[PDB]
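Colleague: Numbering (mature numbering (1 follows the signal peptide of the UniProt record, and there is no 0)), first residue to last: 63 to 197.
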């Protein structure tokens, strides 16, 4: 896995950001994580949804450098969104959300699972500290 540069366009939700990647706007879904959402019917704005969404937004809006890292498997989902690990100045956003109890590790589809154990470890630590989702 290699990182590639990208430029923020807009944060959309806790688990989705719009980036300029190789000169084209593209929606990216963060791999391996489920945040509570602000944008989904039935529910609408779930609990900790605004919080997860504000966390991702600040983190990418205050970064100097954004990098995307695709995994080994498919790089887009059925909605056209890029599937990737997103980094803000060296720090993985997917992991930060998980470590803060603002996301759960999703159901995993091999082979897009390279960072799975690392996230699962952060998730185990956030439950132990009973952070947010886990409180």
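C-beta: ideal position from N, C-alpha, C; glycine also.
Can you grab the Cα-Cα spacing for the pair residue 108 / residue 178, in whole Å?
Modeller: Whole-angstrom Cα-Cα distance: 25 Å.
Colleague: Between residue 181 and residue 94, which are expected to be in contact by the criterion C-beta below 8 Å, what is the C-beta distance as a whole number of angstroms?
Modeller: Contact holds; Cβ gap of about 6 Å.
Colleague: I need the straight-line Cα distance from residue 163 to residue 115, nearest angstrom please.
Modeller: Here the C-alpha atom of residue 163 lies approximately 13 Å from the C-alpha atom of residue 115.
Colleague: Which of the three DSSP states, helix, strand or coil, is assigned to residue 66?
Modeller: strand
Colleague: Could you tell me how far apart the beta carbons of residue 166 and residue 195 are, in whole angstroms, since I believe they sit closer than 8 Å?
Modeller: 7 Å
Colleague: Residue 150 and residue 130 - do their beta-carbons sit closer together than 8 Å?
Modeller: no
Colleague: What are the boundary residues of the alpha helix (DSSP H) that includes residue 136?
Modeller: Taken as a continuous stretch (DSSP letters only), residue 136 belongs to no alpha helix (DSSP H), as it is neither H nor E.
Colleague: What do you reckon, are the CB atoms on residue 100 and residue 77 nearer than 8 Å?
Modeller: no
Colleague: Measuring alpha carbon to alpha carbon, tell me which of 146, 136, 112 ends up nearest residue 65.
Modeller: 146
Colleague: What are the uninterrupted segments assigned as alpha helix (DSSP H) that are 4 or more residues long and contained completely in the region 113-177, given in chain order?
Modeller: If we require 4 residues or more, the alpha helix (DSSP H) runs fully inside the region 113-177 come out as 155-161.
Colleague: Checking the sheet assignment: what are the DSSP bridge partners for residue 106?
Modeller: 102
Colleague: What span of residues does the beta strand (DSSP E) with residue 78 cover, start to end?
Modeller: 78-83
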